[PDB]
Amino acid sequence: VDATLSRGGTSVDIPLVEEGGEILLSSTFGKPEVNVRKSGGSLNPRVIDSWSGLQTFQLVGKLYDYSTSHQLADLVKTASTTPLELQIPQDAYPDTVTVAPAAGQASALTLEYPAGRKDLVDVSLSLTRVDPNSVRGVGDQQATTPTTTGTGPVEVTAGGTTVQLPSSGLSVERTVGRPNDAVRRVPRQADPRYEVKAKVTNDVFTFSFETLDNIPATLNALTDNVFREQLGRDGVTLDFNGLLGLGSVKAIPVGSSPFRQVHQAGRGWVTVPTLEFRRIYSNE
Amino acid sequence: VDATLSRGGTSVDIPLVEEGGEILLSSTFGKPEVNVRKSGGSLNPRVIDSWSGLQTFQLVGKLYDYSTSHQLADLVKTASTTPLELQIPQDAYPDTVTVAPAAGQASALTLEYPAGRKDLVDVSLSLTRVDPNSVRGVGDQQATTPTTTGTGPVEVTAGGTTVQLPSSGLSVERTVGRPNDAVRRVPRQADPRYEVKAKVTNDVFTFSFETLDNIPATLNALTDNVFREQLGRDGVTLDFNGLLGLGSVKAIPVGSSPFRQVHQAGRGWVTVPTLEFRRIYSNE
Amino acid sequence: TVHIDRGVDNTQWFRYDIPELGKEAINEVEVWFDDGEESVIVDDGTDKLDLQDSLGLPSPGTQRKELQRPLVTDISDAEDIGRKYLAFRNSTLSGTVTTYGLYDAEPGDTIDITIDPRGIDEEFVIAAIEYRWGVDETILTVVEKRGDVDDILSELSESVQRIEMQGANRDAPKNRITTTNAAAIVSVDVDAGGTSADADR
Amino acid sequence: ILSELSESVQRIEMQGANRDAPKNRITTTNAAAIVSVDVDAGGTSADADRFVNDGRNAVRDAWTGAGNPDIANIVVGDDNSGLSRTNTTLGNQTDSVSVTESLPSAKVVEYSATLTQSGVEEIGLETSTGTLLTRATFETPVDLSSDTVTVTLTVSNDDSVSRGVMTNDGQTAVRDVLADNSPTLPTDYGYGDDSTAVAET
Amino acid sequence: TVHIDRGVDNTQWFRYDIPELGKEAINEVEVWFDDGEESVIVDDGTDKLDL
Amino acid sequence: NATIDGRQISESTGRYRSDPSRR
Amino acid sequence: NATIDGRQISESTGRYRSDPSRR
Amino acid sequence: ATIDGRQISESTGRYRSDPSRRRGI
Amino acid sequence: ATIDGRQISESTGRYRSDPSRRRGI
Amino acid sequence: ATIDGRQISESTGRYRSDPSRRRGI
Amino acid sequence: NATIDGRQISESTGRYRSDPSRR
Amino acid sequence: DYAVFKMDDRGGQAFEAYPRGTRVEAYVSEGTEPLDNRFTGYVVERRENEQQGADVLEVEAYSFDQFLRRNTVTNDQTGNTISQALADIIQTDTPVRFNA
Ligand SMILES: [K+]
Ligand SMILES: [Mg+2]
Ligand SMILES: [Mg+2]
Ligand SMILES: [Mg+2]
């Protein structure tokens, strides 16, 4: 029917609906902590199984409002000692499992806002099963997605110059993860221990668009002020101006390939397959 | 239409033509040198941006002359402190940029001479943007492709035995790069510094063909004399005999998979998907 | 005397490594002094009693070192030798904290460090500071710095030097030798019928 | 390699020692008084307090018998920045008032004054000679209008010190050092043979 | 005096590293004793002749 | 996975990792 | 990217790589 | 993969000295 | 990849000492 | 990956000796 | 293939690997 | 003889349990076999570090052989049998139990 993810008073329902023959739920069972002997004088190895196993849930679905999507991002990113509980609507699973965002992963949650669709968000969740009684931590960090009520364009501000992203072909993806949390082996439980850490998280916004008019000016302004400048300790201000109900975030392009300009034969315009921003310190 | 790549008096115009909706020009902007904090007590990381960015150009195109193809390879492979300058026919780019062949790569330039396709050469170029004023080095090393005017078969000579490669399905690919050049971060400015090193380059010839007749003799001669012998400090003489205007090169097959004999169900012949040779020391 | 106003807040650290170093600690030093003719025992009672109660030993848990300082004739100076030996071997915090900036900061300065995951919220003395460009790291060593293999080697080296220099008359008549240095370059040019040699030696 | 060298060095180190030498003994003993600071400014508690290095040294020098700190003034200021052990003065002093001294119990002393000053960020106890003993800071400015500032100093044993204790009488002496109140300063040392565990009483 | 009855059968090991160590070995030791006034030579003839 | 003389130098940190979000 | 006790043992060589010829 | 020799040698120092500390000095 | 400092230092001990064994002590 | 213990110990010796050289000997 | 100061720390084990069964 | 224990910690709470000289015992059980005390010792080093987000506590412990190692023979056993010597040395110079 519909899958509930909750943490105390906060609850999000994820429809678990997809087209046709698509994978809605994947559950992987693992024994990552078995020692299989690499050598020895027999034909077949000796083994030892002496620790908790892995269970991973990969949930795919669609959300019907942006507000719920931001609540899901906040719920996944938040550091709290309160168990994150997952309710799966299929008989092969118990009514509630205690979960962590995927154990070492930058991408636990992917939210996609594709072009040409309204009030329809693609959700991908990776969750690790943990022991319900072994959620351990000291810190508490409530995550908040900045929200506002405008209609305005997506604006990148750096060094006093504001660049408005083209609306044409505009597609937005948000990835969220908690890679600094530790999921650790326990001797004789079925499930691992979850160390909740009040530490740095992953939060990334990826944009794709077609640049159609004032093409040099638009691309040059972005590349001059963002890529060909040293941004210091500061970064880009990335303002959604109320598109998807989102507000203003502080970010920086990270790594070797965060922005790409693509020219195709026979076309009078420039494609941007990726413009990738990681969220930086501003949550003081 | 044409993109111009030049160094002093040497100048190669590359048509930048392709079929349908193929990618002609990709430009990737990056900040490889941003420090994003992997940990810390914030929800979102602190960052510092203090160094030059990265701009990479990938050019796909075609050449209508084999002579020009050899000039392009020579130009790319040559060590010289004279700037390699690129002129791009698009308004988003400044009229000239200073470039290095792709920073760490063995494959900066690929030239394909496919079966059929008389007087059509496929070009792929990877170039890194460098500071016009920060091109530094000592040595000049002019790269020369050996050229001759014959018609004869591609001949492979090792240990006094000569093997003529089948004309049937014959394709030639050449790969050129300068991995020993340093492209180095500098503070306080947009583009990195180019250290031109009069040192070893990458120059590789790949052949694809179908062996139709005298199959045992042809394949055995190559395998017995090249693969099952030790070649010592010397190698193989690879003579094009004027095909594509090319002459005689000294080479060796390198690695695990330089040569493959492929047999397919219901076919009376052997396919060689790759025969890969790297150019060895020969200049005195 | 000095404090660094810009502390290491919880948002400002990004790596830490904080031990208590008690590997080399002992609780008894006996120092022989005069011409090896008199002796003093320096006696850490606390550590001996704690090891007894902890391990369940029949008697106090003595761990001992013997030193001879034969030029020392004052007992109270021999005490200081032994005390100094104990003090420099004691258990201490000696942590690394990784932050940014702090170019004005020096060893001997004080700084506030808050690390919530570690339960640290204190004012500490900087023992050492290290600056890394490129990775853009400032690495603070707090409270104390201890070596590793270099600590073993330096302790041995000093001991060897002390034993080597025994019996040397320090009021001995000095003598001097001066190390001085000069060179002539002989250049060779060879000309044969107006043709210069390509190489000469 | 190191063990062999070390074993060799030790053998040569101890070579001239008379092992029937007269033996002497020094005992290493350790105790601490915690002094706790509370500041109340017109019903508002200070967010942070430091017993500064000058104050620690004042008590140290008094314990040697040099002389007691003469606590005279409560000083108030307009700067909450750079609170440390190392503070010798207020950040920015605005007003100064003469204290009244109260001794509510053994182990505690109170200094209080009535004061009018807007925008108080910081408060301190100051001796006649200008030595700062404590500095306390407020997160938000306090407006004082004939309000009582109280500084309370409480003396306690450091319960982290193993197998040593400052007695109730010793803690009273430290209080009396601060209160100029004829303390029973160290004049003597004793040794005994009862092993019954240490207590304040 | 004690034997571990279980043993290590050919199926029970799974890594090994067995050297003969001989880089420290010498064949003559001379010891000065009695305030350095007398000496004794300890003589390993086998190793001397084998070398 | 790295070895010196056939012995593993990889630390047996008991930390789990599990498949990334699919996209 | 490799670590001992959480510190990186990779050198911060400021040497660029940029993606190879497409083929 | 470029490995920093100062980083390795400085990181491993704790473990290099430990056998010696176990044996006294 | 997380590398065990104990196993690096323990494995390389034979090779760290060899330069000195080559020179006597 | 197989790592040569001789190569690690030979390459890092430079850096193992520097802390002690900084302190005299 | 790994390097400290340009020298290879990988052992020249003269040991072969060849492609696995296709599947 | 030594032991190394690796633990997860929160807000440094476990670090406080292991002051230098505190008693540590390691017990082992495989299957349904009863616990064997395999190591007894005392803490010499507690270390806590940042390991990729984890707060990792290493406790390092030494054992009783340290007391024979870090002590010296005080009186001379010249003209004693090895029996008489062992009695003298262990009873005077070491904190361990003597049983003839
Ligand atoms: K009194
Ligand atoms: Mg000459
Ligand atoms: Mg207080
Ligand atoms: Mg008084």
# chains A, B, ... in the order shown; residues from 1 in each chain; ligands from 1

$ calpha_fit_and_write --fixed "chain I" --moving "chain H" --output "PDB file with N, CA and C atoms, in the first residue's frame"
ATOM      1  N   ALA H   1      39.828   2.794   2.286  1.00  0.00           N
ATOM      2  CA  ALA H   1      40.905   1.808   2.592  1.00  0.00           C
ATOM      3  C   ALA H   1      41.550   2.154   3.934  1.00  0.00           C
ATOM      4  N   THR H   2      41.217   1.362   4.962  1.00  0.00           N
ATOM      5  CA  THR H   2      41.718   1.570   6.313  1.00  0.00           C
ATOM      6  C   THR H   2      42.896   0.632   6.568  1.00  0.00           C
ATOM      7  N   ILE H   3      44.049   1.232   6.892  1.00  0.00           N
ATOM      8  CA  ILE H   3      45.310   0.524   7.047  1.00  0.00           C
ATOM      9  C   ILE H   3      45.640   0.412   8.536  1.00  0.00           C
ATOM     10  N   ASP H   4      46.017  -0.805   8.954  1.00  0.00           N
ATOM     11  CA  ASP H   4      46.353  -1.126  10.332  1.00  0.00           C
ATOM     12  C   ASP H   4      47.831  -0.828  10.573  1.00  0.00           C
ATOM     13  N   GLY H   5      48.084   0.088  11.515  1.00  0.00           N
ATOM     14  CA  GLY H   5      49.419   0.565  11.844  1.00  0.00           C
ATOM     15  C   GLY H   5      50.275  -0.482  12.552  1.00  0.00           C
ATOM     16  N   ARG H   6      49.639  -1.331  13.374  1.00  0.00           N
ATOM     17  CA  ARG H   6      50.338  -2.405  14.065  1.00  0.00           C
ATOM     18  C   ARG H   6      50.809  -3.447  13.056  1.00  0.00           C
ATOM     19  N   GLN H   7      49.946  -3.745  12.074  1.00  0.00           N
ATOM     20  CA  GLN H   7      50.229  -4.728  11.041  1.00  0.00           C
ATOM     21  C   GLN H   7      51.401  -4.267  10.177  1.00  0.00           C
ATOM     22  N   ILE H   8      51.398  -2.990   9.759  1.00  0.00           N
ATOM     23  CA  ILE H   8      52.461  -2.445   8.923  1.00  0.00           C
ATOM     24  C   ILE H   8      53.786  -2.471   9.684  1.00  0.00           C
ATOM     25  N   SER H   9      53.779  -1.953  10.920  1.00  0.00           N
ATOM     26  CA  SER H   9      54.994  -1.783  11.704  1.00  0.00           C
ATOM     27  C   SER H   9      55.596  -3.131  12.100  1.00  0.00           C
ATOM     28  N   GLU H  10      54.732  -4.125  12.344  1.00  0.00           N
ATOM     29  CA  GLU H  10      55.150  -5.458  12.750  1.00  0.00           C
ATOM     30  C   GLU H  10      55.668  -6.246  11.546  1.00  0.00           C
ATOM     31  N   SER H  11      55.074  -6.006  10.368  1.00  0.00           N
ATOM     32  CA  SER H  11      55.456  -6.690   9.141  1.00  0.00           C
ATOM     33  C   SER H  11      56.784  -6.164   8.600  1.00  0.00           C
ATOM     34  N   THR H  12      57.051  -4.865   8.801  1.00  0.00           N
ATOM     35  CA  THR H  12      58.202  -4.211   8.192  1.00  0.00           C
ATOM     36  C   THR H  12      59.449  -4.312   9.072  1.00  0.00           C
ATOM     37  N   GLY H  13      59.290  -4.788  10.316  1.00  0.00           N
ATOM     38  CA  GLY H  13      60.354  -4.828  11.313  1.00  0.00           C
ATOM     39  C   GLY H  13      61.601  -5.581  10.847  1.00  0.00           C
ATOM     40  N   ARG H  14      61.374  -6.680  10.113  1.00  0.00           N
ATOM     41  CA  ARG H  14      62.402  -7.537   9.539  1.00  0.00           C
ATOM     42  C   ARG H  14      63.334  -6.722   8.648  1.00  0.00           C
ATOM     43  N   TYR H  15      62.736  -5.804   7.883  1.00  0.00           N
ATOM     44  CA  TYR H  15      63.433  -5.028   6.874  1.00  0.00           C
ATOM     45  C   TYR H  15      64.062  -3.783   7.496  1.00  0.00           C
ATOM     46  N   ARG H  16      63.456  -3.266   8.577  1.00  0.00           N
ATOM     47  CA  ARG H  16      63.944  -2.078   9.265  1.00  0.00           C
ATOM     48  C   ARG H  16      65.257  -2.374   9.990  1.00  0.00           C
ATOM     49  N   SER H  17      65.398  -3.606  10.498  1.00  0.00           N
ATOM     50  CA  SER H  17      66.549  -4.008  11.293  1.00  0.00           C
ATOM     51  C   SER H  17      67.696  -4.517  10.421  1.00  0.00           C
ATOM     52  N   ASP H  18      67.396  -4.872   9.162  1.00  0.00           N
ATOM     53  CA  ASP H  18      68.336  -5.543   8.272  1.00  0.00           C
ATOM     54  C   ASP H  18      69.552  -4.672   7.941  1.00  0.00           C
ATOM     55  N   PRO H  19      69.413  -3.364   7.586  1.00  0.00           N
ATOM     56  CA  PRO H  19      70.576  -2.495   7.374  1.00  0.00           C
ATOM     57  C   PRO H  19      71.567  -2.477   8.537  1.00  0.00           C
ATOM     58  N   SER H  20      71.040  -2.570   9.764  1.00  0.00           N
ATOM     59  CA  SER H  20      71.832  -2.563  10.984  1.00  0.00           C
ATOM     60  C   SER H  20      72.579  -3.885  11.153  1.00  0.00           C
ATOM     61  N   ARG H  21      71.909  -4.997  10.818  1.00  0.00           N
ATOM     62  CA  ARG H  21      72.461  -6.343  10.913  1.00  0.00           C
ATOM     63  C   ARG H  21      73.596  -6.528   9.907  1.00  0.00           C
ATOM     64  N   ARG H  22      73.466  -5.863   8.751  1.00  0.00           N
ATOM     65  CA  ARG H  22      74.473  -5.831   7.699  1.00  0.00           C
ATOM     66  C   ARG H  22      75.742  -5.125   8.176  1.00  0.00           C
ATOM     67  N   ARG H  23      75.601  -4.229   9.163  1.00  0.00           N
ATOM     68  CA  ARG H  23      76.684  -3.355   9.590  1.00  0.00           C
ATOM     69  C   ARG H  23      77.276  -3.809  10.925  1.00  0.00           C
ATOM     70  N   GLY H  24      76.833  -4.975  11.410  1.00  0.00           N
ATOM     71  CA  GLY H  24      77.194  -5.476  12.726  1.00  0.00           C
ATOM     72  C   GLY H  24      75.990  -5.448  13.660  1.00  0.00           C
ATOM     73  N   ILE H  25      75.983  -4.470  14.575  1.00  0.00           N
ATOM     74  CA  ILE H  25      74.816  -4.111  15.368  1.00  0.00           C
ATOM     75  C   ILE H  25      74.671  -2.583  15.314  1.00  0.00           C
TER      76      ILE H  25
END

$ residues_around --residues "residue 25 in chain C" --least-positions-apart "2" --cutoff "9 Å" --atoms "only C-alpha atoms" --output "list in words"
residues 21, 22, 23, 27, 63, 86, 87, 88, 89, 90 and 91 of chain C; 44 of chain L

$ closest_atom_pairs --of "chain L" --to "chain B" --cutoff "9 Å" --atoms "only C-alpha atoms" --output "JSON lines"
{"residue": "L:50", "atom": "CA", "partner": "B:39", "partner_atom": "CA", "distance": 8.5}
{"residue": "L:52", "atom": "CA", "partner": "B:39", "partner_atom": "CA", "distance": 7.1}
{"residue": "L:53", "atom": "CA", "partner": "B:39", "partner_atom": "CA", "distance": 6.2}

$ residues_around --residues "residue 22 in chain F" --least-positions-apart "4" --cutoff "10 Å" --atoms "only C-alpha atoms" --output "PyMOL selection string"
chain A and resi 58-60+107-110+123-126

$ residues_near_ligand --ligand "ligand 1" --cutoff "12 Å" --atoms "only C-alpha atoms and all ligand atoms" --output "list in words"
residues 103, 106, 107, 169, 170, 171, 172, 173, 174, 175, 176, 177, 178, 179, 180, 181, 182, 183, 184 and 185 of chain D

$ write_last_selection --atoms "C-alpha atoms" --output "PDB file, in the first residue's frame"
ATOM      1  CA  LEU D 103      31.866  34.105  55.564  1.00  0.00           C
ATOM      2  CA  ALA D 106      33.617  27.084  56.669  1.00  0.00           C
ATOM      3  CA  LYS D 107      35.013  26.567  53.139  1.00  0.00           C
ATOM      4  CA  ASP D 169      40.868  22.286  58.182  1.00  0.00           C
ATOM      5  CA  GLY D 170      43.116  22.682  55.119  1.00  0.00           C
ATOM      6  CA  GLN D 171      40.176  23.787  52.953  1.00  0.00           C
ATOM      7  CA  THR D 172      39.276  26.240  55.753  1.00  0.00           C
ATOM      8  CA  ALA D 173      42.885  27.507  55.642  1.00  0.00           C
ATOM      9  CA  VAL D 174      42.622  28.126  51.866  1.00  0.00           C
ATOM     10  CA  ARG D 175      39.353  30.006  52.508  1.00  0.00           C
ATOM     11  CA  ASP D 176      41.166  32.032  55.197  1.00  0.00           C
ATOM     12  CA  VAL D 177      43.953  32.792  52.682  1.00  0.00           C
ATOM     13  CA  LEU D 178      41.336  34.325  50.366  1.00  0.00           C
ATOM     14  CA  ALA D 179      39.456  36.035  53.220  1.00  0.00           C
ATOM     15  CA  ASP D 180      42.595  37.580  54.861  1.00  0.00           C
ATOM     16  CA  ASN D 181      41.284  35.763  57.938  1.00  0.00           C
ATOM     17  CA  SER D 182      44.432  34.494  59.757  1.00  0.00           C
ATOM     18  CA  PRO D 183      44.905  31.105  57.964  1.00  0.00           C
ATOM     19  CA  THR D 184      46.671  28.141  59.565  1.00  0.00           C
ATOM     20  CA  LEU D 185      49.373  28.142  56.849  1.00  0.00           C
TER      21      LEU D 185
END

$ calpha_fit_and_write --fixed "chain F" --moving "chain K" --output "short mmCIF file (atom, residue, chain, number, x, y, z; two decimals) with N, CA, C and O atoms, in the first residue's frame"
data_model
loop_
_atom_site.label_atom_id
_atom_site.label_comp_id
_atom_site.auth_asym_id
_atom_site.auth_seq_id
_atom_site.Cartn_x
_atom_site.Cartn_y
_atom_site.Cartn_z
N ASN K 1 41.95 -4.35 -0.23
CA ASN K 1 42.62 -5.47 0.48
C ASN K 1 44.07 -5.57 0.00
O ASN K 1 44.32 -5.87 -1.16
N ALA K 2 45.01 -5.32 0.93
CA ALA K 2 46.43 -5.24 0.61
C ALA K 2 47.24 -6.13 1.55
O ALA K 2 46.87 -6.32 2.71
N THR K 3 48.37 -6.66 1.04
CA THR K 3 49.19 -7.62 1.78
C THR K 3 50.68 -7.31 1.65
O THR K 3 51.17 -7.00 0.56
N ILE K 4 51.40 -7.42 2.78
CA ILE K 4 52.85 -7.50 2.83
C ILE K 4 53.22 -8.91 3.27
O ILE K 4 52.87 -9.33 4.38
N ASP K 5 53.91 -9.65 2.39
CA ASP K 5 54.39 -11.01 2.62
C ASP K 5 53.25 -11.94 3.03
O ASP K 5 53.44 -12.85 3.83
N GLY K 6 52.05 -11.70 2.46
CA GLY K 6 50.91 -12.59 2.65
C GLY K 6 50.01 -12.21 3.82
O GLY K 6 48.89 -12.71 3.91
N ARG K 7 50.50 -11.35 4.73
CA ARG K 7 49.71 -10.87 5.85
C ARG K 7 48.92 -9.64 5.40
O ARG K 7 49.47 -8.76 4.75
N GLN K 8 47.63 -9.59 5.77
CA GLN K 8 46.75 -8.48 5.43
C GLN K 8 47.09 -7.26 6.28
O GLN K 8 47.18 -7.36 7.51
N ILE K 9 47.27 -6.11 5.62
CA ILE K 9 47.57 -4.85 6.29
C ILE K 9 46.30 -4.00 6.43
O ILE K 9 46.33 -2.97 7.10
N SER K 10 45.20 -4.44 5.81
CA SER K 10 43.90 -3.78 5.95
C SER K 10 43.35 -4.02 7.35
O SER K 10 43.43 -5.14 7.86
N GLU K 11 42.82 -2.96 7.97
CA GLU K 11 42.27 -3.06 9.32
C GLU K 11 40.90 -3.73 9.26
O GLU K 11 40.07 -3.39 8.41
N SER K 12 40.68 -4.69 10.17
CA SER K 12 39.38 -5.30 10.36
C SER K 12 38.49 -4.38 11.19
O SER K 12 38.07 -4.72 12.29
N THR K 13 38.24 -3.17 10.64
CA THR K 13 37.19 -2.30 11.12
C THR K 13 35.87 -3.02 10.88
O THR K 13 35.55 -3.37 9.74
N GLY K 14 35.12 -3.26 11.96
CA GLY K 14 33.88 -4.01 11.87
C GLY K 14 32.73 -3.16 11.34
O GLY K 14 31.61 -3.25 11.83
N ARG K 15 33.04 -2.34 10.32
CA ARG K 15 32.19 -1.25 9.92
C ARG K 15 31.51 -1.58 8.60
O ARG K 15 32.15 -2.03 7.65
N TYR K 16 30.20 -1.33 8.56
CA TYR K 16 29.35 -1.74 7.46
C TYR K 16 29.36 -0.67 6.37
O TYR K 16 29.41 0.52 6.66
N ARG K 17 29.34 -1.15 5.13
CA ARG K 17 28.91 -0.38 3.97
C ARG K 17 27.82 -1.18 3.25
O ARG K 17 27.88 -2.41 3.21
N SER K 18 26.83 -0.47 2.73
CA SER K 18 25.71 -1.05 1.99
C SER K 18 25.41 -0.18 0.77
O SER K 18 25.83 0.98 0.73
N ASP K 19 24.69 -0.74 -0.21
CA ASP K 19 24.56 -0.16 -1.55
C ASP K 19 23.96 1.25 -1.50
O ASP K 19 23.07 1.51 -0.69
N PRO K 20 24.44 2.19 -2.35
CA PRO K 20 23.84 3.53 -2.42
C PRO K 20 22.49 3.55 -3.14
O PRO K 20 22.16 2.62 -3.88
N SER K 21 21.73 4.62 -2.87
CA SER K 21 20.51 5.00 -3.57
C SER K 21 20.73 4.93 -5.08
O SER K 21 21.73 5.45 -5.58
N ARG K 22 19.77 4.31 -5.79
CA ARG K 22 19.97 3.74 -7.12
C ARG K 22 20.33 4.79 -8.17
O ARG K 22 21.36 4.67 -8.83
N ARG K 23 19.45 5.80 -8.33
CA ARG K 23 19.51 6.86 -9.33
C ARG K 23 19.78 6.30 -10.74
O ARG K 23 20.48 6.88 -11.57
#

$ interface_residues --of "chain B" --to "chain K" --cutoff "12 Å" --atoms "only C-alpha atoms" --output "number ranges by chain"
B: 255-257

$ write_last_selection --atoms "N, CA, C and O atoms" --output "CSV table (one decimal), in the first residue's frame"
chain,number,residue,atom,x,y,z
B,255,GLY,N,51.6,-5.6,-22.1
B,255,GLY,CA,50.6,-5.9,-21.2
B,255,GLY,C,50.0,-7.3,-21.4
B,255,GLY,O,50.6,-8.2,-22.0
B,256,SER,N,48.8,-7.5,-20.8
B,256,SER,CA,48.1,-8.7,-20.7
B,256,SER,C,47.3,-9.1,-21.9
B,256,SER,O,47.3,-10.2,-22.3
B,257,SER,N,46.8,-8.0,-22.6
B,257,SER,CA,45.8,-8.3,-23.7
B,257,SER,C,46.2,-7.4,-24.9
B,257,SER,O,45.2,-6.9,-25.5

$ residues_near_ligand --ligand "ligand 3" --cutoff "6 Å" --atoms "only C-alpha atoms and all ligand atoms" --output "list in words"
residues 36, 37, 38 and 49 of chain D

$ residues_near_ligand --ligand "ligand 2" --cutoff "8 Å" --atoms "only C-alpha atoms and all ligand atoms" --output "ChimeraX atom specification"
/C:187-190,197,199-201

$ interface_residues --of "chain B" --to "chain C" --cutoff "12 Å" --atoms "only C-alpha atoms" --output "count of residues only"
25

$ atom_distance --atom1 "CA of residue 174 in chain A" --atom2 "CA of residue 10 in chain A"
20.8 Å

$ select_by_dssp --residues "chain E" --states "helix (DSSP H, G or I)" --output "PyMOL selection string"
chain E and resi 45-50

$ write_last_selection --atoms "C-alpha atoms" --output "PDB file, in the first residue's frame"
ATOM      1  CA  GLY E  45      84.952 -24.062  15.940  1.00  0.00           C
ATOM      2  CA  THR E  46      82.134 -25.614  13.860  1.00  0.00           C
ATOM      3  CA  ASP E  47      80.883 -22.319  12.385  1.00  0.00           C
ATOM      4  CA  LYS E  48      84.444 -21.043  11.804  1.00  0.00           C
ATOM      5  CA  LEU E  49      85.409 -24.165   9.836  1.00  0.00           C
ATOM      6  CA  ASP E  50      82.073 -24.274   7.980  1.00  0.00           C
TER       7      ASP E  50
END

$ residues_around --residues "range 67-77 of chain L" --least-positions-apart "5" --cutoff "7 Å" --atoms "only C-alpha atoms" --output "PyMOL selection string"
(chain C and resi 63-64) or (chain H and resi 24) or (chain L and resi 85+89+93-94)

$ residues_around --residues "residue 110 in chain D" --least-positions-apart "5" --cutoff "9 Å" --atoms "only C-alpha atoms" --output "PyMOL selection string"
chain D and resi 100-104+150-154+179
